[PDB]
Amino acid sequence: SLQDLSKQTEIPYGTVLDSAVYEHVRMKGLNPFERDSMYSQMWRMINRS
Amino acid sequence: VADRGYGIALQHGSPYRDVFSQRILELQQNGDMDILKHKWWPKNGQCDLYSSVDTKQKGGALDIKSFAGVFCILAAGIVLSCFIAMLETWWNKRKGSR
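Chains as they are written, first to last, in the deposited numbering: chain B, 667 to 715; chain A, 765 to 862.
This is the structure we're talking about:
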């Protein structure tokens with residue numbers, strides 16, 4: 667499932683930049699309203715450099 | 765487990781209570797409250813506040829720290845054997861034969 671995969675730490679993960687997937691996860695990341703730590707952890711895995 | 769809320773408290777019979785509650789509700793609707801909220805709890809902190817995955821032992825290996833207490837069992841024997849051996853010089857003064 668997405669929850670463990672987003673909350674494990676051994677496997678790095680990401681996508682193609684400038685994709686709708688990237689833009690969607692960035693939208694869920696940058697927004698301070700967004701609730702589940704899922705989205706912040708996904709962004710923090712992405713936002714490495 | 766939220767339910768309760770933080771509030772501003774007044775003396776009984778203060779008329780201003782209603783004005784305060786009105787203006788607070790207006791600020792909540794008008795979005796200004798969200799700006800002051802974000803200002804002091806900015807999302808993009810130094811580190812993840814929530815992950816405890818945070819593990820030290822991974823390789824499962826024994827090492828010169830975890831095992832090393834056993835070496836004091838050897839050291840006790842070394843010391844005691846040294847101490848006992850030196851009693852040659854104590855007894856052989858008058859042992860009757862060496």
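Ideal placement from N, C-alpha and C gives every residue a C-beta, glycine not left out.
Determine, for residue i, whether the minimum Cβ-Cβ distance to residues of chain A falls below 8 Å.
i, result
"residue 710/B", "yes"
"residue 703/B", "yes"
"residue 678/B", "no"
"residue 675/B", "yes"
"residue 669/B", "no"
For a cutoff of 8 Å on Cβ pairs, would you count residue i as touching chain B?
i, result
"residue 875/A", "Only positions 765 to 862 of chain A appear in this structure, which leaves residue 875/A out of reach."
"residue 776/A", "no"
"residue 883/A", "Lying before the first or after the last residue shown, residue 883/A is absent from chain A, which here runs from 765 to 862."
"residue 834/A", "no"
"residue 817/A", "yes"
"residue 812/A", "yes"
"residue 807/A", "yes"
Determine the direct distance from the alpha carbon of residue j to that of residue i, and round the result to whole angstroms.
i, j, result
"residue 800/A", "residue 773/A", "20 Å"
"residue 792/A", "residue 827/A", "58 Å"
"residue 859/A", "residue 833/A", "39 Å"
"residue 813/A", "residue 807/A", "10 Å"
Count the C-beta pairs between the segment 811–822 of chain A and the segment 670–680 of chain B that are closer than 8 Å, then say yes if the count reaches three, no if not.
Pairwise C-beta distances place the segment 811–822 of chain A in contact with the segment 670–680 of chain B, as three or more of them are shorter than 8 Å.
Report yes or no: do three or more beta-carbon pairs, one from the segment 683–695 of chain B and one from the segment 708–715 of chain B, lie closer than 8 Å?
Contact between the segment 683–695 of chain B and the segment 708–715 of chain B is present, because at least three Cβ pairs lie under 8 Å.
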